[PDB]
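See below for the structure under consideration.
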Amino acid sequence: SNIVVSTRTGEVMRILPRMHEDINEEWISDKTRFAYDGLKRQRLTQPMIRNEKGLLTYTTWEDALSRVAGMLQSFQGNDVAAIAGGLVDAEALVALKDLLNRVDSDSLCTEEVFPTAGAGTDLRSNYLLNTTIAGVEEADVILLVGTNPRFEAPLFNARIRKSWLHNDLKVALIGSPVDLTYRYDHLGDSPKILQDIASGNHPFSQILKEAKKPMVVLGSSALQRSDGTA
Amino acid sequence: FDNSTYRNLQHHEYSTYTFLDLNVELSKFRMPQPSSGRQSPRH
């Protein structure tokens, strides 16, 4: 979501929505709006190392960097790995990729799981929302699989609700019957139903066939389980 | 033919459910209602 951070005397005061007709419209989420104060609570301000007693203690940048560099120079290849978090920027990701490549390491991983079978990440459209958020207002039917769009992507759910209200969009969900703030056709929570729809045995399969602009959305949270590839 | 008497005396014995009892009795005479196509505007 496009936002405005309002500061004063070098301190964040509040977060406001910034209008983007294609992403967040005029709204933001409550997490976007009111979680900024967490940027003042448990902050890492100085470099730290372990002392002789095994406790974290403050340190200059030079000594911590030298320690990390000395440990990095010893090992190489598969012995060096990196895991990226959820709030990491592209510049940091590419810098870490290059740094670990100079050591001849390829164990650069993310905590979020996406299946690597077949194309995997080779083709971009394999892991993108190809219809885009603004395209939701053109679909006549949408199938949701193994996700709670209300909490995973509140503005995406708002766009779906807007299309449900104005364009008479038809919504179906496969998964737990969560409250989405709009009425939908619940098919169940057994993954086998997906196969049934593909088979054509299921009633909903015909519904997708008649639709001019169908959409199928798979949440990345369902891909975190063991059978995400399936 | 007379005009000394008042003829609207039936409402002297109406109970609290007279209107709704009459509505129930009239329920059998009505034509089928049209349908909007949905169960509710929130559906």
Side-chain angles (χ1 to χ4, degrees), chain A residues 1-6 14-36 86 112 124-191 193-194 196-198 200 202-224, chain B residues 32-43:
Chain A
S1 306
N2 289 33
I3 60 156
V4 164
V5 197
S6 58
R14 75 178 168 191
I15 310 282
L16 289 175
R18 175 167 54 118
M19 176 263 257
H20 196 308
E21 286 279 5
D22 290 338
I23 306 189
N24 56 295
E25 210 168 339
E26 199 188 313
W27 327 115
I28 54 172
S29 159
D30 271 4
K31 207 191 312 172
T32 298
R33 195 181 288 277
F34 292 120
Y36 68 98
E112 199 75 356
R124 200 152 180 261
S125 47
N126 209 22
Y127 56 84
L128 284 188
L129 195 87
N130 301 308
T131 298
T132 69
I133 309 175
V136 164
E137 316 211 68
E138 283 162 337
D140 35 36
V141 72
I142 165 176
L143 166 69
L144 298 173
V145 187
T147 185
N148 190 349
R150 184 178 179 182
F151 304 130
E152 271 142 38
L155 267 303
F156 183 65
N157 200 54
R159 192 66 63 118
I160 293 176
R161 155 101 193 171
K162 187 191 172 181
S163 301
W164 177 93
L165 196 61
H166 290 130
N167 305 111
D168 204 356
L169 172 59
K170 177 171 175 60
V171 187
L173 171 77
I174 305 179
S176 324
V178 297
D179 199 294
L180 293 177
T181 75
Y182 45 80
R183 179 153 263 111
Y184 61 86
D185 172 16
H186 186 239
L187 316 177
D189 52 358
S190 154
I193 302 200
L194 287 152
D196 288 346
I197 293 181
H202 204 264
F204 190 83
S205 181
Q206 328 304 341
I207 286 183
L208 287 164
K209 246 159 82 173
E210 324 322 310
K212 317 301 162 272
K213 311 282 205 54
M215 205 186 352
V216 174
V217 186
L218 173 55
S220 75
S221 67
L223 302 184
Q224 300 310 291
Chain B
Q33 296 274 343
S35 100
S36 100
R38 342 174 159 270
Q39 182 159 34
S40 147
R42 270 185 326 151
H43 276 65

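Quick note: numbers below take in every heavy atom, side chains included, and nothing from hydrogens, waters or symmetry partners. Each chain gets a letter, A, B and so on, in the order its sequence line appears, and its residues count up from 1.
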Roughly how far apart are [X] [atom1] and [Y] [atom2], rounded to 0.5 Å?
{"X": "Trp27(A)", "Y": "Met19(A)", "atom1": "CH2", "atom2": "CE", "value": "11.0 Å"}
{"X": "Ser29(A)", "Y": "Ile3(A)", "atom1": "OG", "atom2": "CD1", "value": "11.5 Å"}
{"X": "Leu187(A)", "Y": "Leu173(A)", "atom1": "CG", "atom2": "CG", "value": "7.5 Å"}
{"X": "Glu25(A)", "Y": "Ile133(A)", "atom1": "CD", "atom2": "CD1", "value": "10.5 Å"}

Which heavy atom of [X] sits nearest a heavy atom of [Y], and at what distance?
{"X": "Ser163(A)", "Y": "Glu137(A)", "result": "OG-CA, 3.2 Å"}
{"X": "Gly146(A)", "Y": "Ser221(A)", "result": "O-OG, 3.4 Å"}
{"X": "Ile174(A)", "Y": "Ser190(A)", "result": "CG2-O, 4.2 Å"}
{"X": "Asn2(A)", "Y": "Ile28(A)", "result": "O-CG2, 4.5 Å"}

- All salt bridge (charged side-chain N to carboxylate O under 4.0 Å, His left out) counterparts of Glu138(A), not counting sequence neighbours: none
Side chain to side chain, [X] and [Y], heavy atoms closer than 4.5 Å:
{"X": "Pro17(A)", "Y": "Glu26(A)", "answer": "no"}
{"X": "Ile23(A)", "Y": "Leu155(A)", "answer": "no"}
{"X": "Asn24(A)", "Y": "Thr32(A)", "answer": "no"}
{"X": "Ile160(A)", "Y": "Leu180(A)", "answer": "no"}
{"X": "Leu218(A)", "Y": "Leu223(A)", "answer": "yes"}

- Message: Taking side chain to side chain contact (heavy atoms under 4.5 Å, CB included) as the definition, give me every residue that meets it alongside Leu165(A), ordered by chain and number, with sequence neighbours left out.
- Response: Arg161(A)
- Message: Among residues at least two apart in sequence or on other chains, which ones pass side chain to side chain contact (heavy atoms under 4.5 Å, CB included) with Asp168(A)?
- Response: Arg38(B)
- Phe204(A) vs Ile193(A), side-chain contact (heavy atoms from CB on, under 4.5 Å): CA-CA, chis, key distance, verdict: CA-CA 10 Å; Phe204(A) 190 83; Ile193(A) 302 200; over 6 Å; no
- Please test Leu129(A) against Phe156(A) for side-chain contact (heavy atoms from CB on, under 4.5 Å), starting from the C-alpha separation and ending with a verdict. CA-CA 11 Å; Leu129(A) 195 87; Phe156(A) 183 65; 4.0 Å; yes
- Look at the side chain of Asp196(A) and the backbone N and O of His202(A), then say whether any donor-acceptor pair between them is shorter than 3.5 Å. no
- Item | From CA spacing to verdict: side-chain contact (heavy atoms from CB on, under 4.5 Å), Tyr127(A), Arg124(A) | CA-CA 6 Å; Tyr127(A) 56 84; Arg124(A) 200 152 180 261; 3.6 Å; yes
- Task: List the steps, then state whether side-chain contact (heavy atoms from CB on, under 4.5 Å) holds for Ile142(A) with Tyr184(A).
- Result: CA-CA 10 Å; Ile142(A) 165 176; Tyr184(A) 61 86; over 6 Å; no
- Message: Taking side chain to side chain donor-acceptor pair (under 3.5 Å) as the cut-off, I'd like each qualifying pair that reaches into residues 169-183 of chain A, sequence neighbours left out, listed once.
- Response: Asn157(A)-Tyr182(A)
For residues 209-217 of chain A, run the donor-acceptor check on the side chains, cut-off 3.5 Å, and write out each pair with its distance to 0.1 Å, sequence neighbours left out.
residue: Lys212(A); atom: NZ; partner: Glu210(A); partner atom: O; Å: 2.3

- Message: My understanding is that only residues two or more places apart in sequence, or in another chain, count here; which of them pass side-chain hydrogen bond (donor to acceptor under 3.5 Å, both in side chains) with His166(A)?
- Response: none
